[PDB]
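Dropping work.cif in here (mmCIF, C-alpha atoms and all ligand atoms; chains and numbers go by the auth columns):
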data_query
loop_
_atom_site.group_PDB
_atom_site.id
_atom_site.type_symbol
_atom_site.label_atom_id
_atom_site.label_comp_id
_atom_site.label_asym_id
_atom_site.label_seq_id
_atom_site.Cartn_x
_atom_site.Cartn_y
_atom_site.Cartn_z
_atom_site.B_iso_or_equiv
_atom_site.auth_seq_id
_atom_site.auth_asym_id
ATOM 1 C CA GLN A 1 87.479 32.312 -44.330 0.00 1 B
ATOM 2 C CA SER A 2 85.680 33.972 -41.430 0.00 2 B
ATOM 3 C CA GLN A 3 84.139 31.740 -38.791 0.00 3 B
ATOM 4 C CA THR A 4 80.789 33.100 -39.964 0.00 4 B
ATOM 5 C CA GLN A 5 81.554 31.856 -43.473 0.00 5 B
ATOM 6 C CA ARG A 6 82.938 28.577 -42.120 0.00 6 B
ATOM 7 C CA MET A 7 79.527 27.888 -40.537 0.00 7 B
ATOM 8 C CA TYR A 8 77.706 28.552 -43.771 0.00 8 B
ATOM 9 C CA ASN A 9 80.240 26.350 -45.579 0.00 9 B
ATOM 10 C CA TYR A 10 79.677 23.489 -43.114 0.00 10 B
ATOM 11 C CA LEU A 11 75.906 23.749 -43.641 0.00 11 B
ATOM 12 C CA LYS A 12 76.230 23.836 -47.429 0.00 12 B
ATOM 13 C CA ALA A 13 78.480 20.772 -47.363 0.00 13 B
ATOM 14 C CA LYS A 14 75.990 18.918 -45.149 0.00 14 B
ATOM 15 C CA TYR A 15 73.257 19.833 -47.620 0.00 15 B
ATOM 16 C CA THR A 16 75.281 18.751 -50.652 0.00 16 B
ATOM 17 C CA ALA A 17 76.337 15.475 -49.050 0.00 17 B
ATOM 18 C CA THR A 18 72.679 14.739 -48.301 0.00 18 B
ATOM 19 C CA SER A 19 71.766 15.620 -51.893 0.00 19 B
ATOM 20 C CA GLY A 20 74.356 13.078 -53.002 0.00 20 B
ATOM 21 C CA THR A 21 72.672 10.398 -50.942 0.00 21 B
ATOM 22 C CA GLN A 22 69.348 11.223 -52.576 0.00 22 B
ATOM 23 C CA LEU A 23 70.938 11.060 -56.015 0.00 23 B
ATOM 24 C CA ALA A 24 72.403 7.637 -55.191 0.00 24 B
ATOM 25 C CA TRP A 25 69.041 6.366 -53.909 0.00 25 B
ATOM 26 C CA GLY A 26 67.409 7.456 -57.163 0.00 26 B
ATOM 27 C CA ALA A 27 70.176 5.916 -59.275 0.00 27 B
ATOM 28 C CA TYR A 28 69.692 2.660 -57.367 0.00 28 B
ATOM 29 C CA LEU A 29 65.900 2.588 -57.672 0.00 29 B
ATOM 30 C CA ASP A 30 64.970 4.350 -60.895 0.00 30 B
ATOM 31 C CA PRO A 31 64.708 2.278 -64.089 0.00 31 B
ATOM 32 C CA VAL A 32 66.692 3.219 -67.178 0.00 32 B
ATOM 33 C CA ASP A 33 64.983 2.444 -70.501 0.00 33 B
ATOM 34 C CA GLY A 34 62.491 0.256 -68.662 0.00 34 B
ATOM 35 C CA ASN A 35 65.043 -1.971 -66.902 0.00 35 B
ATOM 36 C CA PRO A 36 66.992 -1.798 -63.620 0.00 36 B
ATOM 37 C CA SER A 37 69.981 0.500 -63.388 0.00 37 B
ATOM 38 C CA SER A 38 73.433 -0.948 -63.822 0.00 38 B
ATOM 39 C CA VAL A 39 73.966 -0.175 -60.125 0.00 39 B
ATOM 40 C CA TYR A 40 70.821 -2.042 -59.073 0.00 40 B
ATOM 41 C CA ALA A 41 71.713 -4.955 -61.351 0.00 41 B
ATOM 42 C CA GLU A 42 75.150 -5.176 -59.731 0.00 42 B
ATOM 43 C CA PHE A 43 73.772 -5.256 -56.195 0.00 43 B
ATOM 44 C CA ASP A 44 71.027 -7.694 -57.190 0.00 44 B
ATOM 45 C CA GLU A 45 73.728 -10.095 -58.383 0.00 45 B
ATOM 46 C CA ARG A 46 75.782 -9.524 -55.228 0.00 46 B
ATOM 47 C CA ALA A 47 72.814 -9.976 -52.891 0.00 47 B
ATOM 48 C CA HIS A 48 72.114 -13.421 -54.372 0.00 48 B
ATOM 49 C CA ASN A 49 75.751 -14.587 -54.301 0.00 49 B
ATOM 50 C CA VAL A 50 77.201 -16.524 -51.367 0.00 50 B
ATOM 51 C CA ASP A 51 80.595 -14.790 -51.755 0.00 51 B
ATOM 52 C CA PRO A 52 79.737 -11.464 -53.376 0.00 52 B
ATOM 53 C CA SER A 53 82.075 -8.857 -54.728 0.00 53 B
ATOM 54 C CA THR A 54 82.803 -6.141 -52.176 0.00 54 B
ATOM 55 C CA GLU A 55 84.216 -3.687 -54.714 0.00 55 B
ATOM 56 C CA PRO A 56 82.883 -0.161 -54.087 0.00 56 B
ATOM 57 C CA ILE A 57 80.875 1.508 -56.825 0.00 57 B
ATOM 58 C CA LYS A 58 82.088 5.098 -57.051 0.00 58 B
ATOM 59 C CA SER A 59 80.706 8.225 -58.696 0.00 59 B
ATOM 60 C CA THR A 60 81.004 12.002 -58.422 0.00 60 B
ATOM 61 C CA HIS A 61 78.273 14.521 -59.168 0.00 61 B
ATOM 62 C CA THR A 62 78.240 18.285 -59.712 0.00 62 B
ATOM 63 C CA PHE A 63 74.909 19.919 -58.878 0.00 63 B
ATOM 64 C CA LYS A 64 73.448 23.042 -60.555 0.00 64 B
ATOM 65 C CA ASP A 65 74.981 25.361 -57.950 0.00 65 B
ATOM 66 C CA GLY A 66 78.429 23.896 -58.578 0.00 66 B
ATOM 67 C CA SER A 67 78.707 21.946 -55.345 0.00 67 B
ATOM 68 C CA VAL A 68 80.141 18.449 -55.648 0.00 68 B
ATOM 69 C CA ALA A 69 79.277 15.175 -53.926 0.00 69 B
ATOM 70 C CA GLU A 70 81.636 12.190 -54.044 0.00 70 B
ATOM 71 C CA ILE A 71 79.542 9.049 -53.688 0.00 71 B
ATOM 72 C CA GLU A 72 80.328 5.403 -52.965 0.00 72 B
ATOM 73 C CA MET A 73 78.037 2.399 -52.653 0.00 73 B
ATOM 74 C CA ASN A 74 79.000 -1.034 -51.361 0.00 74 B
ATOM 75 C CA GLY A 75 77.403 -4.027 -49.669 0.00 75 B
ATOM 76 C CA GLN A 76 78.212 -6.815 -47.308 0.00 76 B
ATOM 77 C CA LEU A 77 76.476 -9.857 -45.898 0.00 77 B
ATOM 78 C CA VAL A 78 75.708 -10.014 -42.196 0.00 78 B
ATOM 79 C CA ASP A 79 78.641 -11.912 -40.766 0.00 79 B
ATOM 80 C CA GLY A 80 78.306 -15.649 -41.267 0.00 80 B
ATOM 81 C CA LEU A 81 75.064 -15.448 -43.276 0.00 81 B
ATOM 82 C CA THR A 82 74.071 -15.439 -46.934 0.00 82 B
ATOM 83 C CA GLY A 83 70.962 -14.546 -48.887 0.00 83 B
ATOM 84 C CA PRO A 84 69.474 -11.215 -49.972 0.00 84 B
ATOM 85 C CA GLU A 85 67.664 -10.705 -46.658 0.00 85 B
ATOM 86 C CA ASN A 86 71.118 -10.661 -45.006 0.00 86 B
ATOM 87 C CA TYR A 87 72.687 -8.250 -47.514 0.00 87 B
ATOM 88 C CA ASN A 88 73.017 -4.619 -46.454 0.00 88 B
ATOM 89 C CA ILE A 89 74.070 -1.776 -48.747 0.00 89 B
ATOM 90 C CA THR A 90 75.855 1.375 -47.583 0.00 90 B
ATOM 91 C CA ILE A 91 75.767 4.728 -49.369 0.00 91 B
ATOM 92 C CA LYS A 92 78.553 7.153 -48.484 0.00 92 B
ATOM 93 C CA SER A 93 78.281 10.714 -49.789 0.00 93 B
ATOM 94 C CA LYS A 94 81.023 13.285 -49.120 0.00 94 B
ATOM 95 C CA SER A 95 81.223 16.981 -49.904 0.00 95 B
ATOM 96 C CA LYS A 96 84.143 19.269 -49.114 0.00 96 B
ATOM 97 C CA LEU A 97 83.612 22.546 -47.294 0.00 97 B
ATOM 98 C CA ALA A 98 84.364 25.544 -49.491 0.00 98 B
ATOM 99 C CA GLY A 99 87.933 26.768 -49.120 0.00 99 B
ATOM 100 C CA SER A 100 88.869 23.644 -47.166 0.00 100 B
ATOM 101 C CA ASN A 101 89.684 19.990 -47.590 0.00 101 B
ATOM 102 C CA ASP A 102 87.603 19.153 -44.538 0.00 102 B
ATOM 103 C CA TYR A 103 84.363 17.512 -45.608 0.00 103 B
ATOM 104 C CA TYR A 104 80.936 16.403 -44.480 0.00 104 B
ATOM 105 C CA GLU A 105 80.288 12.682 -44.871 0.00 105 B
ATOM 106 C CA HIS A 106 76.807 11.149 -44.894 0.00 106 B
ATOM 107 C CA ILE A 107 76.607 7.369 -44.414 0.00 107 B
ATOM 108 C CA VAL A 108 73.321 5.461 -44.757 0.00 108 B
ATOM 109 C CA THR A 109 72.926 1.673 -44.648 0.00 109 B
ATOM 110 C CA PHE A 110 69.777 -0.074 -45.885 0.00 110 B
ATOM 111 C CA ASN A 111 68.735 -3.707 -46.263 0.00 111 B
ATOM 112 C CA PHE A 112 68.579 -5.061 -49.811 0.00 112 B
ATOM 113 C CA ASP A 113 65.448 -7.130 -49.235 0.00 113 B
ATOM 114 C CA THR A 114 63.307 -4.616 -47.307 0.00 114 B
ATOM 115 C CA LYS A 115 64.942 -1.311 -48.347 0.00 115 B
ATOM 116 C CA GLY A 116 64.650 -0.335 -44.683 0.00 116 B
ATOM 117 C CA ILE A 117 67.184 1.989 -43.098 0.00 117 B
ATOM 118 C CA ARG A 118 69.470 0.065 -40.740 0.00 118 B
ATOM 119 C CA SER A 119 71.712 2.958 -39.709 0.00 119 B
ATOM 120 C CA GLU A 120 72.419 6.554 -40.619 0.00 120 B
ATOM 121 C CA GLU A 121 75.130 8.974 -39.594 0.00 121 B
ATOM 122 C CA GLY A 122 76.677 12.211 -40.716 0.00 122 B
ATOM 123 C CA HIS A 123 79.824 13.990 -39.575 0.00 123 B
ATOM 124 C CA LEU A 124 82.114 16.882 -40.256 0.00 124 B
ATOM 125 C CA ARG A 125 85.531 15.318 -40.930 0.00 125 B
ATOM 126 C CA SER A 126 89.013 16.735 -41.023 0.00 126 B
ATOM 127 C CA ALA A 127 90.838 16.628 -44.350 0.00 127 B
ATOM 128 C CA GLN A 128 92.167 13.254 -45.481 0.00 128 B
ATOM 129 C CA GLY B 1 55.387 7.831 -46.271 0.00 1 S
ATOM 130 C CA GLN B 2 54.748 4.152 -45.591 0.00 2 S
ATOM 131 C CA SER B 3 56.679 2.400 -48.348 0.00 3 S
ATOM 132 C CA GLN B 4 60.328 2.015 -47.395 0.00 4 S
ATOM 133 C CA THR B 5 61.407 3.833 -50.579 0.00 5 S
ATOM 134 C CA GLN B 6 59.296 6.838 -49.589 0.00 6 S
ATOM 135 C CA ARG B 7 60.520 6.606 -45.983 0.00 7 S
ATOM 136 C CA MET B 8 64.103 6.992 -47.168 0.00 8 S
ATOM 137 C CA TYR B 9 63.128 10.042 -49.256 0.00 9 S
ATOM 138 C CA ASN B 10 61.259 11.458 -46.259 0.00 10 S
ATOM 139 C CA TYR B 11 64.313 11.015 -44.028 0.00 11 S
ATOM 140 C CA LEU B 12 66.459 12.886 -46.543 0.00 12 S
ATOM 141 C CA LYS B 13 63.877 15.667 -46.828 0.00 13 S
ATOM 142 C CA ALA B 14 63.672 16.053 -43.050 0.00 14 S
ATOM 143 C CA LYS B 15 67.468 16.220 -42.948 0.00 15 S
ATOM 144 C CA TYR B 16 67.389 18.962 -45.612 0.00 16 S
ATOM 145 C CA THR B 17 64.767 20.935 -43.711 0.00 17 S
ATOM 146 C CA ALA B 18 66.539 20.618 -40.364 0.00 18 S
ATOM 147 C CA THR B 19 69.810 21.767 -41.955 0.00 19 S
ATOM 148 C CA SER B 20 68.104 24.737 -43.598 0.00 20 S
ATOM 149 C CA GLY B 21 66.581 25.521 -40.210 0.00 21 S
ATOM 150 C CA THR B 22 70.039 25.725 -38.682 0.00 22 S
ATOM 151 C CA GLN B 23 71.151 28.018 -41.510 0.00 23 S
ATOM 152 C CA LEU B 24 68.224 30.388 -40.991 0.00 24 S
ATOM 153 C CA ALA B 25 68.768 30.385 -37.217 0.00 25 S
ATOM 154 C CA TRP B 26 72.425 31.295 -37.783 0.00 26 S
ATOM 155 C CA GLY B 27 71.375 34.192 -40.002 0.00 27 S
ATOM 156 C CA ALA B 28 68.769 35.263 -37.441 0.00 28 S
ATOM 157 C CA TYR B 29 71.463 35.278 -34.746 0.00 29 S
ATOM 158 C CA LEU B 30 73.977 37.238 -36.828 0.00 30 S
ATOM 159 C CA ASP B 31 71.989 39.552 -39.030 0.00 31 S
ATOM 160 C CA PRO B 32 71.197 43.104 -37.894 0.00 32 S
ATOM 161 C CA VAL B 33 67.636 44.347 -37.631 0.00 33 S
ATOM 162 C CA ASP B 34 67.512 48.110 -38.248 0.00 34 S
ATOM 163 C CA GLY B 35 71.221 48.706 -37.675 0.00 35 S
ATOM 164 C CA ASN B 36 70.983 47.008 -34.282 0.00 36 S
ATOM 165 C CA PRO B 37 71.765 43.457 -33.152 0.00 37 S
ATOM 166 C CA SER B 38 68.962 40.939 -33.423 0.00 38 S
ATOM 167 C CA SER B 39 66.947 40.348 -30.280 0.00 39 S
ATOM 168 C CA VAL B 40 68.281 36.795 -29.948 0.00 40 S
ATOM 169 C CA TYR B 41 71.849 38.080 -30.234 0.00 41 S
ATOM 170 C CA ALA B 42 71.263 40.703 -27.543 0.00 42 S
ATOM 171 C CA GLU B 43 69.888 38.009 -25.230 0.00 43 S
ATOM 172 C CA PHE B 44 72.938 35.782 -25.597 0.00 44 S
ATOM 173 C CA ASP B 45 75.247 38.794 -25.311 0.00 45 S
ATOM 174 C CA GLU B 46 73.614 39.541 -21.953 0.00 46 S
ATOM 175 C CA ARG B 47 73.873 35.892 -20.876 0.00 47 S
ATOM 176 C CA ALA B 48 77.494 35.560 -22.021 0.00 48 S
ATOM 177 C CA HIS B 49 78.425 38.411 -19.662 0.00 49 S
ATOM 178 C CA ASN B 50 76.629 37.080 -16.544 0.00 50 S
ATOM 179 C CA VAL B 51 78.100 34.838 -13.846 0.00 51 S
ATOM 180 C CA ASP B 52 74.829 32.853 -13.540 0.00 52 S
ATOM 181 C CA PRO B 53 73.195 33.199 -16.959 0.00 53 S
ATOM 182 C CA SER B 54 69.668 32.169 -17.786 0.00 54 S
ATOM 183 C CA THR B 55 69.486 28.712 -19.318 0.00 55 S
ATOM 184 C CA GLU B 56 66.028 29.230 -20.764 0.00 56 S
ATOM 185 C CA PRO B 57 65.599 27.935 -24.324 0.00 57 S
ATOM 186 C CA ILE B 58 64.763 30.453 -27.053 0.00 58 S
ATOM 187 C CA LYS B 59 62.265 28.910 -29.477 0.00 59 S
ATOM 188 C CA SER B 60 61.436 29.706 -33.107 0.00 60 S
ATOM 189 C CA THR B 61 60.172 28.010 -36.266 0.00 61 S
ATOM 190 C CA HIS B 62 60.814 28.273 -39.991 0.00 62 S
ATOM 191 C CA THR B 63 58.265 27.139 -42.592 0.00 63 S
ATOM 192 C CA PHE B 64 59.563 26.460 -46.093 0.00 64 S
ATOM 193 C CA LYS B 65 57.967 26.721 -49.524 0.00 65 S
ATOM 194 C CA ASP B 66 57.471 22.960 -49.788 0.00 66 S
ATOM 195 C CA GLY B 67 55.428 23.191 -46.578 0.00 67 S
ATOM 196 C CA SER B 68 58.007 21.612 -44.273 0.00 68 S
ATOM 197 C CA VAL B 69 58.702 23.065 -40.826 0.00 69 S
ATOM 198 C CA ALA B 70 61.912 23.362 -38.814 0.00 70 S
ATOM 199 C CA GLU B 71 61.495 23.837 -35.058 0.00 71 S
ATOM 200 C CA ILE B 72 64.464 25.767 -33.617 0.00 72 S
ATOM 201 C CA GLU B 73 65.698 25.951 -30.038 0.00 73 S
ATOM 202 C CA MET B 74 68.745 27.992 -29.040 0.00 74 S
ATOM 203 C CA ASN B 75 70.356 28.031 -25.623 0.00 75 S
ATOM 204 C CA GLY B 76 73.722 28.629 -24.011 0.00 76 S
ATOM 205 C CA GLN B 77 75.892 27.525 -21.147 0.00 77 S
ATOM 206 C CA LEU B 78 79.258 28.317 -19.627 0.00 78 S
ATOM 207 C CA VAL B 79 82.028 25.749 -19.783 0.00 79 S
ATOM 208 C CA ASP B 80 81.971 23.919 -16.460 0.00 80 S
ATOM 209 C CA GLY B 81 84.377 25.550 -14.030 0.00 81 S
ATOM 210 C CA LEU B 82 84.842 28.623 -16.247 0.00 82 S
ATOM 211 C CA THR B 83 83.217 32.031 -16.670 0.00 83 S
ATOM 212 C CA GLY B 84 83.099 34.948 -19.085 0.00 84 S
ATOM 213 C CA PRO B 85 82.020 35.325 -22.722 0.00 85 S
ATOM 214 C CA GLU B 86 85.074 33.445 -24.032 0.00 86 S
ATOM 215 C CA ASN B 87 83.727 30.379 -22.192 0.00 87 S
ATOM 216 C CA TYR B 88 80.097 30.781 -23.266 0.00 88 S
ATOM 217 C CA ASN B 89 78.915 28.278 -25.890 0.00 89 S
ATOM 218 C CA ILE B 90 75.594 28.528 -27.742 0.00 90 S
ATOM 219 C CA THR B 91 73.712 25.536 -29.144 0.00 91 S
ATOM 220 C CA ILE B 92 71.288 25.542 -32.075 0.00 92 S
ATOM 221 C CA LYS B 93 68.866 22.603 -32.183 0.00 93 S
ATOM 222 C CA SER B 94 66.829 22.257 -35.380 0.00 94 S
ATOM 223 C CA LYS B 95 64.162 19.541 -35.716 0.00 95 S
ATOM 224 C CA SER B 96 61.966 18.589 -38.636 0.00 96 S
ATOM 225 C CA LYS B 97 59.444 15.755 -38.735 0.00 97 S
ATOM 226 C CA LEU B 98 59.599 13.096 -41.409 0.00 98 S
ATOM 227 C CA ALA B 99 56.531 13.266 -43.649 0.00 99 S
ATOM 228 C CA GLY B 100 53.673 11.099 -42.423 0.00 100 S
ATOM 229 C CA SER B 101 55.459 10.404 -39.138 0.00 101 S
ATOM 230 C CA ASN B 102 56.298 11.981 -35.814 0.00 102 S
ATOM 231 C CA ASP B 103 59.840 10.675 -36.105 0.00 103 S
ATOM 232 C CA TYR B 104 62.162 13.579 -36.832 0.00 104 S
ATOM 233 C CA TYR B 105 65.646 14.620 -37.861 0.00 105 S
ATOM 234 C CA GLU B 106 67.462 16.700 -35.241 0.00 106 S
ATOM 235 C CA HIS B 107 70.514 18.830 -36.043 0.00 107 S
ATOM 236 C CA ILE B 108 72.539 20.122 -33.071 0.00 108 S
ATOM 237 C CA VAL B 109 75.363 22.626 -33.588 0.00 109 S
ATOM 238 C CA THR B 110 77.314 24.306 -30.784 0.00 110 S
ATOM 239 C CA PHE B 111 79.423 27.401 -31.393 0.00 111 S
ATOM 240 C CA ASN B 112 81.439 29.715 -29.168 0.00 112 S
ATOM 241 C CA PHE B 113 80.022 33.148 -28.426 0.00 113 S
ATOM 242 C CA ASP B 114 83.371 34.928 -28.709 0.00 114 S
ATOM 243 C CA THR B 115 84.967 33.218 -31.722 0.00 115 S
ATOM 244 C CA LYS B 116 81.792 32.014 -33.510 0.00 116 S
ATOM 245 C CA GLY B 117 83.756 28.799 -34.092 0.00 117 S
ATOM 246 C CA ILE B 118 82.009 25.441 -34.255 0.00 118 S
ATOM 247 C CA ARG B 119 82.675 23.467 -31.070 0.00 119 S
ATOM 248 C CA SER B 120 80.575 20.393 -31.864 0.00 120 S
ATOM 249 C CA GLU B 121 78.025 19.220 -34.409 0.00 121 S
ATOM 250 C CA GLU B 122 75.741 16.215 -34.600 0.00 122 S
ATOM 251 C CA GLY B 123 72.616 15.109 -36.398 0.00 123 S
ATOM 252 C CA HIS B 124 70.329 12.118 -35.947 0.00 124 S
ATOM 253 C CA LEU B 125 67.120 10.514 -37.001 0.00 125 S
ATOM 254 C CA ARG B 126 65.034 10.277 -33.815 0.00 126 S
ATOM 255 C CA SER B 127 61.969 8.329 -32.789 0.00 127 S
ATOM 256 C CA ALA B 128 58.868 10.343 -31.936 0.00 128 S
ATOM 257 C CA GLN B 129 58.832 12.011 -28.508 0.00 129 S
HETATM 258 CL CL CL C . 59.544 0.124 -50.933 0.00 201 B
#

Take the structure in the file and give it back as structure tokens.
Ligand SMILES: [Cl-]
Amino acid sequence: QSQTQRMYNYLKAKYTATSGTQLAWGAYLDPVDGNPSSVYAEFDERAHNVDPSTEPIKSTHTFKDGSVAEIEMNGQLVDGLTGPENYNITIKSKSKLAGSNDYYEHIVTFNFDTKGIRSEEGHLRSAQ
Amino acid sequence: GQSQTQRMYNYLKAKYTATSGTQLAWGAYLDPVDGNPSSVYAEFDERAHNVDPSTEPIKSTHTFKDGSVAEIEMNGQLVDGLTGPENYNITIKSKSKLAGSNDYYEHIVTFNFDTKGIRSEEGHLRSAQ
């Protein structure tokens, strides 16, 4: 409401969006009942396919404090190449600012083969 | 952290700490100390009302329970070609190193002295100085 509160809301949204990215990273990496996650299994199949699905994998999460992150993962091959070493996966995590439809969006891209970060960005965005 | 999985976690943690640093700096700017404006507020209030204000950075740090550190720098400047407090914008820079590295996450938020409205915001992973 106030500009003072708007600042705090922007910061909380940045924090929640980042928490969503961490949640996604864990969902990707952490085994479930001793075997890869369904999300990892999907990207493993895509990474080893010469014409992979590019359908986003979408989820939403409510944290303990009631803040919400809307999360999407997707991948694409470097243009003109195939193979897992040329497959890069992007996590997008969005969280709306309280009392607003503006949102903070965190976008991190990592390589399937190395798990190294290729790019990272984060921005306050106006409402869709 | 040297594995790439840990590096990603360390990047996220440095982003958390930098963001929390900005939040604490905001509170330090705004919150009264003994019924009187904070010392950092009084300094920018003086600057905002000067035709040639000091552009000296004001430095602080915040150490968190997990042991991470945010280094804070605040400063201000008048909009080029303009004067007065309505045209005085203050920038908070908040840095935190990634664990096991001198690479860092830097959060930079600029707000207007008069309105307290956000004028710009950015954040980046940075290579070591
Ligand atoms: Cl790894």

Compute the set of protein, DNA and RNA residues whose minimum atom distance to ligand CL 201 (chain B) is at most 12 Å, using all atoms listed in the file, and state it as a PyMOL selection string.
(chain B and resi 25+29+110-117) or (chain S and resi 1-9)

I need the chain S residues near chain B as number ranges by chain; criterion: at most 7 Å, counting only C-alpha atoms.
S: 4-5, 12, 16, 19, 23, 116-117, 122-124

Pick the closest to residue 20 in chain B from B:45, B:72, B:102, B:51: which is it, counting only C-alpha atoms?
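Checking each candidate against residue 20 in chain B, we get B:72 as the closest.
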
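With all atoms listed in the file as the atoms that count, the minimum distance from residue 112 in chain S to the choices S:58, S:24, S:40, S:48 is reached by S:48.
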
Give me, please, the distance in Å between CA of residue 126 in chain B and CA of residue 96 in chain B, quoted to one decimal.
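Going from CA of residue 126 in chain B over to CA of residue 96 in chain B, I get 9.8 Å.
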
Can you list, as a PyMOL selection string, the residues that the PyMOL selection byres (((chain B and resi 27) around 12) and not hetatm) selects here?
chain B and resi 20-26+28-32+36-41+57+59+61+71-73+91

Interatomic distance, CA of residue 105 in chain B to CA of residue 98 in chain S (Å, one decimal)
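So the answer is 21.0 Å.
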
Any chance you could resolve the PyMOL selection byres (((chain S and resi 67-79) around 7) and not hetatm) against this file and give the residues as a ChimeraX atom specification?
/S:17-18,21,55-66,80-83,87-96

Here CA of residue 38 in chain S and CA of residue 108 in chain S stand apart by 21.1 Å

Determine the axis-aligned bounding box of all atoms of range 42-59 of chain S present in the file, pad each side by 5 Å, and express its centre and edge lengths in Å to one decimal place as AutoDock Vina command-line options.
--center_x 70.3 --center_y 34.3 --center_z -21.5 --size_x 26.2 --size_y 22.8 --size_z 25.9

Selected residue, from S:26, S:46, S:37, S:102, that lies nearest to residue 118 in chain S when counting all atoms listed in the file
S:26

From the structure block, carefully write range 72-97 of chain B out with C-alpha atoms; format it as a PDB file, in the first residue's frame.
ATOM      1  CA  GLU B  72       8.342 -23.822 -14.586  1.00  0.00           C
ATOM      2  CA  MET B  73      11.151 -25.978 -15.938  1.00  0.00           C
ATOM      3  CA  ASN B  74      11.962 -26.576 -19.595  1.00  0.00           C
ATOM      4  CA  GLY B  75      14.935 -27.443 -21.781  1.00  0.00           C
ATOM      5  CA  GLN B  76      16.263 -26.912 -25.239  1.00  0.00           C
ATOM      6  CA  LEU B  77      19.212 -28.067 -27.293  1.00  0.00           C
ATOM      7  CA  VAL B  78      21.825 -25.554 -28.379  1.00  0.00           C
ATOM      8  CA  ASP B  79      20.710 -24.565 -31.847  1.00  0.00           C
ATOM      9  CA  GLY B  80      21.705 -27.127 -34.451  1.00  0.00           C
ATOM     10  CA  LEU B  81      23.212 -29.597 -31.960  1.00  0.00           C
ATOM     11  CA  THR B  82      22.084 -32.723 -30.136  1.00  0.00           C
ATOM     12  CA  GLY B  83      23.330 -34.727 -27.185  1.00  0.00           C
ATOM     13  CA  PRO B  84      23.081 -34.194 -23.425  1.00  0.00           C
ATOM     14  CA  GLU B  85      26.154 -31.944 -23.327  1.00  0.00           C
ATOM     15  CA  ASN B  86      24.222 -29.543 -25.600  1.00  0.00           C
ATOM     16  CA  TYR B  87      20.996 -29.634 -23.563  1.00  0.00           C
ATOM     17  CA  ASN B  88      20.328 -26.704 -21.243  1.00  0.00           C
ATOM     18  CA  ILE B  89      17.517 -26.556 -18.688  1.00  0.00           C
ATOM     19  CA  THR B  90      15.856 -23.346 -17.504  1.00  0.00           C
ATOM     20  CA  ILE B  91      14.100 -22.892 -14.165  1.00  0.00           C
ATOM     21  CA  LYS B  92      11.674 -19.976 -13.949  1.00  0.00           C
ATOM     22  CA  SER B  93      10.265 -19.097 -10.529  1.00  0.00           C
ATOM     23  CA  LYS B  94       7.722 -16.281 -10.098  1.00  0.00           C
ATOM     24  CA  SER B  95       6.170 -14.775  -6.994  1.00  0.00           C
ATOM     25  CA  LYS B  96       3.623 -11.965  -6.918  1.00  0.00           C
ATOM     26  CA  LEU B  97       4.144  -8.923  -4.726  1.00  0.00           C
TER      27      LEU B  97
END
